[PDB]
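Working notes, beginning with the structure itself.
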Amino acid sequence: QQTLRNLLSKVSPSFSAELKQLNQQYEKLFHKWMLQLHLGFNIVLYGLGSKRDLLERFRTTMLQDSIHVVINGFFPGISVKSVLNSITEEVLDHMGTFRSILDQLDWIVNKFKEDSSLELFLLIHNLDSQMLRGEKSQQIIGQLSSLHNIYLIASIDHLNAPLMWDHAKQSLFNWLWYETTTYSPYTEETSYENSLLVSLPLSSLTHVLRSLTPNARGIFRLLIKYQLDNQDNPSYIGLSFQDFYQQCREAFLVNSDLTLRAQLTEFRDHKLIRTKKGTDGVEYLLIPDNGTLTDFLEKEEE
Amino acid sequence: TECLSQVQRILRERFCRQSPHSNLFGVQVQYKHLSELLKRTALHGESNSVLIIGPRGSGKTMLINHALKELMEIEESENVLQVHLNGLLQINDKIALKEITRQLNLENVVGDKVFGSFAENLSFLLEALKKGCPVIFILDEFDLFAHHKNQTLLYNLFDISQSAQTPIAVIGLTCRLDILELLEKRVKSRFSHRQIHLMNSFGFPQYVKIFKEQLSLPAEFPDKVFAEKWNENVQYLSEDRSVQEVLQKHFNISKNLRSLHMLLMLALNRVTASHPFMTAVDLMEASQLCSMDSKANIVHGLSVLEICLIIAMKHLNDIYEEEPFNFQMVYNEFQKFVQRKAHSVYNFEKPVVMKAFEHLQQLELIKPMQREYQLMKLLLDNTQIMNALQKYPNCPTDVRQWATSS
Amino acid sequence: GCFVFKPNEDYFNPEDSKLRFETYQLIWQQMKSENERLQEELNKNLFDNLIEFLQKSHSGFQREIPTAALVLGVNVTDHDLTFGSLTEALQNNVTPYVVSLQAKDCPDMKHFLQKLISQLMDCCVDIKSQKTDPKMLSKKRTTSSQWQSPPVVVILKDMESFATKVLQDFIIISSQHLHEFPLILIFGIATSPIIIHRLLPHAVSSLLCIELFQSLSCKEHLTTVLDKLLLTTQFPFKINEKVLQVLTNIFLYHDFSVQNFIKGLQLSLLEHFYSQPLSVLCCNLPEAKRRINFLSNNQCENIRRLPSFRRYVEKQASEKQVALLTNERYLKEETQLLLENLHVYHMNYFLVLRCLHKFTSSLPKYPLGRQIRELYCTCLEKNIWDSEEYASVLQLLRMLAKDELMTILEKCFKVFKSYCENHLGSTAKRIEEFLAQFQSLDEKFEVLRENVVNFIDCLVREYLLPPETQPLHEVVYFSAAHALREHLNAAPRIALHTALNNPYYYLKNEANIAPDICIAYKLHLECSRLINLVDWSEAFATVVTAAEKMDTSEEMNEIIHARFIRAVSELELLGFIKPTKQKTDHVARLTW
Amino acid sequence: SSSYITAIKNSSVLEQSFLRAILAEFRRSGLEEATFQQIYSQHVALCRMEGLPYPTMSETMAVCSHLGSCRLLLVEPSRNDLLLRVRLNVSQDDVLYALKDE
Amino acid sequence: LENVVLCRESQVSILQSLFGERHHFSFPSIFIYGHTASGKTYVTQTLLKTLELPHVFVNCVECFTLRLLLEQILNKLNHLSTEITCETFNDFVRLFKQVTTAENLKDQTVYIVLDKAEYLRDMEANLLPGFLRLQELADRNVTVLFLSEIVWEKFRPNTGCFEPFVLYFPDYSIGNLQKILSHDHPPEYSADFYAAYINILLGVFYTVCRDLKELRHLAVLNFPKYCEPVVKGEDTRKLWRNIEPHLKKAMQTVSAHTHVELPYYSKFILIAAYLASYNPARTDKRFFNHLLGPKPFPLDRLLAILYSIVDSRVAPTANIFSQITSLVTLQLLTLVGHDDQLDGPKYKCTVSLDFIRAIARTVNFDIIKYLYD
């Protein structure tokens, strides 16, 4: 990845002047956006090249006076819990409730109906991603952004990007749609996702999840439950093959020793289970952190 | 009279409350194995932690309370402080800690600080007890107890039983067989092995004797003539071969010594109004009220539209076999049968036939695995349907011809 | 990575901002308030049936539970407004115990009961001046012992998105004890009452009492709000027929909603008020007369130099052209009467347009327009008497001359006899001119000849194309069709197709110079069945080897591979090729 | 000592014929999985062969939960009721020795 | 409240005998199954109301959580104060001992009646075997009275429990359904004549539903309609032959119109979705059993057959995709890959064919030879 990226930007993007000019067409379009956003509209703008630098120049030239929660969506840390948490502390200048997402949603709704002219507006790079969307996820953004005192600006990238909006979900934010093209390569996405030529984020576990049997999905539920239940015990050196065999056999997920061994060696291919030989010679099993293991089978059962 | 109410009061408790009747059979060697172990763990400071496994409905609780009562009869009240736990109530660690706090009368000293290491918690409980001393831990329903998140109240009891040397018996009561294989390896390797009981039943001609010794009016005297009359009636019923027939039939379904209590309990409920000495036929119908066919009572009560529907599902096995069907193939087979018939009584129209389905789902004879024309599953037997259709009292001839065609 | 910065109004940007923005705020706020009033008036016939039904079903309580399933339209955009109006009406004439449930705040039963009792607690504690189930019954028992125990109603907004389990358990819980707590639910069925059989199984479906109501089918809702909103003389801002055609087409084809149409009208008004510096005087006529008389002279040169006025310059004589070219003092005088003529053309236009609508809606098969909307369309796309459609009306209207035509001449005359002095001054006194024709309706040739003079005077006199007939018409008319359509309803799937297939922006690239990525996609779909990785890498390597030599091979292979993998991550990323897992490698042609 | 052979040795008659039905279906299929109606049919055949009365499946499922409680076999839930996939917790030669020794 | 029995006397008598008098023990747990019609709460409430065995009645439909189920049991029991709170089960067993130490109920066998226990089945795995052993768990002379829709054989925890005593409440007989379906309270006729009506109606109607509640409802509907031509026209046979023509249609009729106006492209969307759901064994190539149901199919195939159906001025705008999302919320189309991604999954069609036929015919399209033939 790194030695691949040393060769990045060596010599010669094959046009520069029309690229600066095509970006320089869009700088006249900004005061229209400010006025249009003051009236309660919401701007999505799509594109073929990188436009988040245009958004950064935009908030440099016209958002020196207001609050802005610059929510990136390309790197795999962000879900909407972080959005609500950061907008609770770092905007409202005190912490809120902690019981549920809808409680802090309703509470952060409730803070703005009484406090006039607080004038907060975030903006989101890459509203459509593998992580940011979701019917639980997007509606919180919508219900948040439906108010008079919140003005989101987004950027969608995908071909099937307006498929995650029904009309009622569309009517929460008054969309109008801009057209942009920059041709700049999306260096933040391509930096912080992955590179195939070389911990693991949610995409490859989603891909192995959708290419396998549901019983293997129930098997890794068991193995990740036994890992997450004993995460801060330093003496927990992993289950053996026979303990995992009897605790998988009790839940009817598999029938035979050889089937579970073939399942274990095909899941040892994807580098999400590492064998550790103890002083017995028996190879115990432990996978490569803890906080990224709660997200899946949190969301696999909502 | 005095006799009928007194015999009902005195027999009803030892039957159906499983009250401590003093006769115990088949368990004398395991009891004698337990007793001196309990006496040397109780009379001396040493702590050994025996374990009992048997099937459900037999043995365990009666044995441990009987040995407990006989040990509590011996003084020096010996200050053994027994603590009764169950696997069912105390599901978690925080509940179990305050339950031991409840049993040991701890709340004179307040102890209102949650400690991190729960070995220090348990040691504090034992510590404030020991400065204030034997205890006996009766850990009932151990298989549910083996599902803690961290197996604290399993393992720390074993560690204190070896390490604190306060007098302790961790007596586990289990029901599943593999208590060792279910136990996690640090605890099962740690101190699970004290000598393990096994518990099983015995032979039928002594089981007729345990029927007689169970049924007979005790050495407690309500009135001695009525005791003699009734337990002679018990023995006269005991020597009759039809009682022996239904008892052997009960043996081969049930080696349980709990099913005998219910089977005889219904018989004793019937007796006190008239003929206070009862028949073998009264024992026979008392066995008969313990039902055998739970689903024939369901299917026999159903109306005939559901009957021809359920034999249409049976017919859906006997062509195009082994799929979880939907409504439409059921509708097609029903229409093909009713177009095989000439009369137009039973050509009931489509929304009526949905009502029999959504009534039939609540009996769970059909199973869901889209909303109304999908993938429904049948869980049933042919032969109970074939017996039920001839036992339908107002069974019409056309569904009889459907049954014979099939 | 959501980093926040803390910071630690009348800006619009000639067309000077302050009164421009106040003109905007006044016109849009006026239009929005009258839009809501004309919403709430139309549903009175609907829900004043409903107050009767709920009063009858409550009052006979001395086994059953009443449901009134509304059949609202497919437009979920405007379902909030009807429920607000219905909540208001049911709160006034019936009980102050009205709550509403949304089917997104209650996935399961605990949320259902908790939010229901919270809404009920605030609704009862306001106008008198907790997870528990029978405490709600205790709240009903405490809070209303009197006033003949007014019935609590709940409003399920969406019947459809509810899960069946929590709804079934709520209906059985409520039907168990309505001895105290009489509850009358009204779920809003989005589709049709078929699906209340689908979502509720028959035991729960048998437990209740169904009485359905219709709702306003949306075409004769939008004829009212289009007809009152823009077809009147009253609102100072009209619209171009093509922009209106765009708006009504994306109503009728895609959206079937009215709130989206008002958003499109709001956007059109906003963009018009951005657009041109003569838009400031979009007012009523004395408010136009206010500061026509004082204004900056370059905007008066703009009022000279807009092309419809230069057409008027082209049709006129020199001796007033030499003073009216440059001098402001006469230019005010002629443009004032031009704006009066604009209002004049509107005022004699629209009333006889409605007259023609009544006279054409009476016809069998109605070949001109189905409704009042499309009559605006047919008299502005083509010229109307040039077009074959009004030729077909004129061919139709001859032998329709019977007492149906005379009776509907009387009836249409009666409805604009209500509009006789509701126009109240006509620009040619056309009300009593046409009424002086229309007063001989009581006393079979006369319908024919009176028809001839009426449509000829009517349509040849005023009913004409508004741009060319009227100079200074730019101030009232906003026209930019495919500038607006892409703002309102865009197509990124066409945009990526265009800028990927033909990324020609202005030097030579139209059918190899200045992509990296369109090289990758175009060469991906030069082998247009499927692809594996390495041969595709060699093909891209070949074409940029051609790019290199039309301006060592191992370093070139390295830099070509690096820019290849930078291209191919984006070509995965943008909705094309999905990764083909567990194989050696390939990519899958997901979009054709 | 192993608990399981002593449990089979002191099991009842219908349990022993149920295990015989289990191993008979395991001789027919060869597999370790079996549904409840298959071994129910085998159990019907064996109770026919022994002069026993008719094995009603309320009794047979009560005896299924009897043997599933004691972990001689491994049981699906009783909600599935005819569709219970059962596996044998003990090896087959063990239960053959346990019903073969007398 | 009035008639305790209406001729189901033997099950009533064996249950009444099984309770016994107050000062001695009874069964731990009794389970009563049967059909939903079969009087299973009528019989036990009119039985318990006679002797006034001090009991608590619950429904498990009402208590959706465990805490409410314990709270109302303890709160209703102590009346026979504040909300005596119990978060857990062991708190209930703890406070139960203090509650059942009153002289109204010190020796009396307390009955905890549990109605519709199949909803308790999926409450927890703890609560049902914890409730079956309550006679020796707390040891305070209790008897937990179960009744259920469902069979005990699915109801067992698959570990074993204390097996309760099981009754089968029998179904109602035919002549008993003549008797107990309101031979008492006929207001204005002879009881012979109302019995003659319902005797005629019942033997016709004893094949669809034996539920006494809805049959009481249908009899009290169609009896005054039967009763008016006797008291107006005036002989049971003639109005028998008049009442059965009304009875067939009243049977059949116990859904206004299926047609729904739609925006025009949505009409064409679900036309295309039907047409690519119901014959789709790669028969895209030809034009341009049925009974098993709809086959799922991806989105781009739907867009292709959409382009083949429509006049070709369509563009893939944002609104056509937003419309095709918004059709699924109205449940006319369904995504069957539940999470397979934001990119176009299989969308299978879920509307009936006649509704599809009306939507096709209201825009100029005859498609039935085009659909599967």
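Letters A, B, C, D and E name the chains as they come in the text, with residue numbers starting at 1 for each one.
Convention: a contact is a pair of C-beta atoms (placed from the backbone, for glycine too) under 8 Å apart; a residue touches a chain by one contact, two chains touch by 3 or more.
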When contacts are scored as defined above, which chain pair ends up with more C-beta pairs, C-E or A-E?
C-E
Most central chain, Cα average position:
E
Let me have the rounded angstrom distance from the C-alpha centre of chain C over to the C-alpha centre of chain D, please.
70
Averaged over CA atoms, how far is the centre of chain A from the centre of chain D? Could you give it in whole Å?
52
Counting in whole Å, what is the centre-to-centre distance of chain A and chain C, each centre being its mean C-alpha position?
34
Set of chain C residues in contact with two or more other chains
76, 255, 489-490, 492-493, 575, 591
Can you list every residue of chain A that touches 2 or more other chains, as numbers and ranges?
158-160, 162, 166-168, 170, 177
Could you say which residues in chain B touch two or more other chains, in rising order?
56, 175-176, 291, 294-295, 355, 362, 364, 371
So what shape is it, when you link every pair of chains that touch: line, ring, star, complete or other?
other
Within the complex, chain A is touched by chain B residues 149-150, 181, 184-185
Tell me, which parts of chain E touch chain A in their complex?
318, 321-326, 328-329, 340, 342-344
Residues of chain C that touch chain A when the two form their complex
1-7, 9, 11-13, 75-77, 79, 104-105, 255, 257, 259, 263, 267, 270, 274, 486-490, 492-493, 495-496, 499-500, 505-507, 513-517, 547, 558-559, 562, 565-566, 569-570, 573-576, 579, 581-582, 591
Can you check the complex and tell me which residues of chain E touch chain B?
14, 17-18, 20-21, 23-28, 33-36, 38, 88-90, 93-94, 126, 129-130, 133, 135-137, 149-154, 159-163, 165-166, 168, 170-171, 174, 206-210, 251-252, 291-293, 334, 350
Chain D residues within the chain B interface of the complex
3-4, 6-7, 9-14, 37, 40, 44, 52-53, 56-59, 62-63, 66, 69-72, 80-83
